[PDB]
Amino acid sequence: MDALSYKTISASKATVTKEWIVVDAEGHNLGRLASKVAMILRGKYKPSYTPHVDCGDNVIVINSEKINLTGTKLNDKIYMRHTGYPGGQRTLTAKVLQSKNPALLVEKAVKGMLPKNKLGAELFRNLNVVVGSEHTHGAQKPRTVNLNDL
Amino acid sequence: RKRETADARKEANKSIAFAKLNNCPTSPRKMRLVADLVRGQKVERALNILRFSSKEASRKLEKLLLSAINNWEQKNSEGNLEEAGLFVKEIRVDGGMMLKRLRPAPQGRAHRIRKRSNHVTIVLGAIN
Amino acid sequence: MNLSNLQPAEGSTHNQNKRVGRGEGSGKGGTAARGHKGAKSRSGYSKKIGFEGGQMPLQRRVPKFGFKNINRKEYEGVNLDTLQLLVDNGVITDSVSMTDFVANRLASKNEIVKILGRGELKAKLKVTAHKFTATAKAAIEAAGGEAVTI
Amino acid sequence: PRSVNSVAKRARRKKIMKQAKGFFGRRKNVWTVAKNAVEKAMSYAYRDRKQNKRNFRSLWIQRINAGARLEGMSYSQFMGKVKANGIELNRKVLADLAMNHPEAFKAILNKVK
Amino acid sequence: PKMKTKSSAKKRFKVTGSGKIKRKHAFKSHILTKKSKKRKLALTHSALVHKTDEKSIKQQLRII
Amino acid sequence: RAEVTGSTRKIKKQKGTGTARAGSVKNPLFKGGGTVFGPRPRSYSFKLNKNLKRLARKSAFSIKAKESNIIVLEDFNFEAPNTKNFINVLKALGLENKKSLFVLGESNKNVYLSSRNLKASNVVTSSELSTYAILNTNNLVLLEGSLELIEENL
RNA sequence: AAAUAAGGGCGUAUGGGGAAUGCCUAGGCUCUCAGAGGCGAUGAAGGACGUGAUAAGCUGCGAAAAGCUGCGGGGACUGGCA
RNA sequence: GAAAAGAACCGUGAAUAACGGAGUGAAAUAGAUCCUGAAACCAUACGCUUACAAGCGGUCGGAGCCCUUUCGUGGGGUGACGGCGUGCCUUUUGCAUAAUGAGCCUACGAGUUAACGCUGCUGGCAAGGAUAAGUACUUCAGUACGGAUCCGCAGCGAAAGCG
RNA sequence: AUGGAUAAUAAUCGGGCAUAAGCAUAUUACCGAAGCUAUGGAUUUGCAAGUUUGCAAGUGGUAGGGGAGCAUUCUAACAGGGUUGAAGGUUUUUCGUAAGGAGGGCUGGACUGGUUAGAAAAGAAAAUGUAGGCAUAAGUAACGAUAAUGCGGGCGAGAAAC
């Protein structure tokens, strides 16, 4: 009979407000930036976060070509890409992978810190990883956010 | 409740025109194939489809529709038939009482064979 | 009061609904009351009384002893205490014969009575019995009349 | 006399099957499949009631953390300074304030900070 | 019908005055020349059925 | 299982059939088998001490005496059996539409026949009284002559 | 005429299917009281074949064949199930 | 079906296959598969969802959309999305186990009775307690009488015996 | 910390990944269970008042032991209901710790049942259990010697088979 009389209001799709955050990845470590990017994408810096709603902002990383790894990880980081056929386990390297589409580094770093669900596959579509220094969104008026102010 | 009152209230079939085909020695799964092509069509397109269908389940279904048309003409005596523009509102193919026979399988055993029947019901409705 | 208000004493009636093997929830269900498998859980099990598992029972490890006399004469046994308690509540006066023993349910019709000497008989009586004891005769002949053997 | 429990035998299972309304497949009409599904549903309903009380506290804590990190603070420090100040407001009310009344939330934060 | 009394138990196991069962001792049959006179004197007096066997002896004697 | 009209023959083989093992068609879990643990011809009479029985019969009289449902007549006699006359003498006592038990001291066949047809009146001699008979009625009518036998028998 | 996601899931309503349940009895079960405890060479029990204005079965009856005679009861319908 | 009053007659149809009418009845959705007639099972209409999304199919949260409304921190239906979650029985130290068993529904189906005893509660009488077979009367498978006999009141000893 | 070979379906700190988000010591705040506490309610023993209340200790549970009860069929008494609609079937509301009770709408067209006491053919989800009905496999296997059929007329509503 709805005997609660005091409920916790959860945000809906008609009440959320998505922003267009732009993040500069010039001086930043891969995982150290990807953690904050994934937290912003999921949406947890708003005091209205509902776990089942696609809250949060849309992140545009604008310097992914200028990211760096700490140790000899650029030469000793391996990515496994098994295909499904017998003997089809392919291994890449962090140095070879950034030679073609360097945005894949940040893309695969962010994909993995997400809830791994339908909500979490729909959150990956809000992340735009640009290899250059200028995006192609244009008439959206995105604001720059420094990850050191969170 | 008074059963005569309930029956007099339920006897509202003086307007709806329908037709039934009971105890047809054909399986329902094979007539439900031709009922889907007729369901919702016009009263003449349905007749053409049933007359040119390559199924033995249509030879006795094409005249049930004619009987339904005749029942509609009987109920709506005052008025012609082509101005109304009849169609096939609803058509349902139900099951029926099946006969059970035996077939001698190899090595001294017997299998069962069920000769199935089906009931067909059709209502016309009008566009006007 | 009436045939529609019959009520027995509190505690004379009981459950009468207790049946064994009527589902889990009434107690005895499933393996009804016999635990798990074994000879004591099979239909038709009966405990062999003398059986001791396979070894020699006590009713067979102990020797037999004694015999039975065919001419055993067993007397009834009446005490001076009972005689005095019977003479206090006046039913017998100055003569206790073999008839006052049957009229007071002390001996059967055709039996033999022996007067024992457990009591403190004080009244003067003239008893007629089959046998006497060294205490009963000495306590009767000294504290009252005679004691004749019949 | 011969006693047959024919009517109540089925009246008892109708009531247990009427709560398996909306189940996929034969779990809603077949008796020996519905009874096996209603009991497991009640077993699942007994629990998740202890979990509804700790899944909402997590949401309250997350919302309080989000509302407190907007003022350059953290949930741990905020809760420490609130508990060692004589306030005694539960996380439900604190999250409701952080979500609906940001002015009241920041007033509480400035008072305890 | 009526419970029958076991003869093997009725020939032994004389019941005492109030609640006990009196029986005899064993081992005093045919090898008495090498046993000490102390054992033969102890095994001569009648004994009582132990409380662990009393239930079985009473079930045999038909005193449940 | 033993009285069923059938035959004690194994239906199917023990093994190699694929179905449940069975035989002796008269078994209870088959259609037409014997009723296991069914009813039997019995006797439901138990023993009560004739002291407790007369104590109960005395309590049944004391209950009516306390409830004030005891009348005493003068041992009337009817020439011919007449239900009309027997009903005529029920309003002088006030037992109309009430359950009455007339306890006679003697046969009085005419008085018994004059009430054999009524359901609200029962004529019973003192040599056949019972606790149930006393408790069933709503008003006892002890004729003068039956009390001498009721009192000196308990 | 309308609708249309090729199809599926859930809820409601209306149908076919089936025979459960409820009610009833034509039939059975255990007995009480009082009798009786056999039929057959004057041809038994059990059958076969026949018998009708009309006659496939059941019932009855035997070439005198759904029947014959005598003594009593009975008083308007009858030619068995039909 | 109370009683055949068991559907004369008309139309579609090749058709005395079936149906729609018309008459009988209180009822024909009581039409001879005939009283009421459920479940498994097979279909149609309507409302909500579903073609980038992996698992005992439920449970706890949760928008949106349809009906109702004492008007509601009321009810009903469907539910996009999130968290948790490897059916049941039996046998086992231990089973999601790839150990057993069941295609589903309806009906049947397994600690009952007699005789002789023992414990717990209750009742009558009380150093006494109780009748059995049977008999008499009667309004008859249902008050009186019947003390034969059984248990207890004294035990010990193999027994005579003593008490 | 470093070198001291490794196993056969693609692998591992659980994964992303981390140069600290590793390790060693010390401190503070916080998270964290059906543990403890706060609120409401129910129940078992022991102690008192009475004729339910108060306090204390409890309240996981297999084999197993004990105590209170529900439904079903029938019977004995008192009191009832029903063609102005009984039992039964289908939905809905409400009450109880539960077994279950009561009320309303629809079908149904004759029985039913309260209180106290009694009796038992007194409750199924499994026994490769029994009988009847109905699904799945599925419109799938098969339509029973590879000696063979084609055309034109006839009856007929309808012909590859007459």
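Every chain is numbered from 1, with letters handed out A, B, ... down the list of sequences.
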Can you pull every protein N or O that's under 3.5 Å from an N or O on nucleotides 37-40 of chain I?
none

Set out, line by line, the N/O atom pairs under 3.5 Å between protein and nucleotides 10-12 of chain G.
unit_1, atom_1, unit_2, atom_2, d
G:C10, OP1, D:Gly25, N, 3.3
G:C10, OP1, D:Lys28, NZ, 2.7
G:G11, OP1, D:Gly22, N, 3.0

Give every pair of a protein N or O atom and an N or O atom of nucleotides 1-3 of chain H that lie under 3.5 Å apart, one pair per line with the distance.
none

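Proximity of A:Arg81 to the phosphate of I:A11: no side-chain N or O atom is located under 4.0 Å from OP1 or OP2. Of the side-chain N and O atoms in C:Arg118, one or more sit less than 4.0 angstrom from OP1 or OP2 of H:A154. For C:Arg19 and H:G111, the shortest distance from a side-chain N or O to OP1 or OP2 is not below 4.0 Å.
Here A:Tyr6 does not lie in a stacked arrangement on the base of H:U73, lacking the combination of planes under 30° and ring centres under 5.5 Å apart.
Residues that satisfy the salt bridge (charged side-chain N to carboxylate O under 4.0 Å, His left out) test with D:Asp48, not counting sequence neighbours, are absent from this structure.
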I need a per-nucleotide contact map over nucleotides 13-26 of chain G, read 5' to 3'. Cutoff is protein heavy atoms under 4.0 Å; write B for the base, S for backbone only, - otherwise. -BBSSS-BS-----

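Between C:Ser108 and C:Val102 the shortest heavy-atom distance is O-CG2, 3.4 Å.
The NE2 atom of B:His111 sits 17 Å away from the P atom of I:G144 (whole-angstrom rounding).
Residues from residues 44-56 of chain D that place a heavy atom under 4.0 Å from any atom of RNA chain I, listed by number: D:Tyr46, D:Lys50, D:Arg54.
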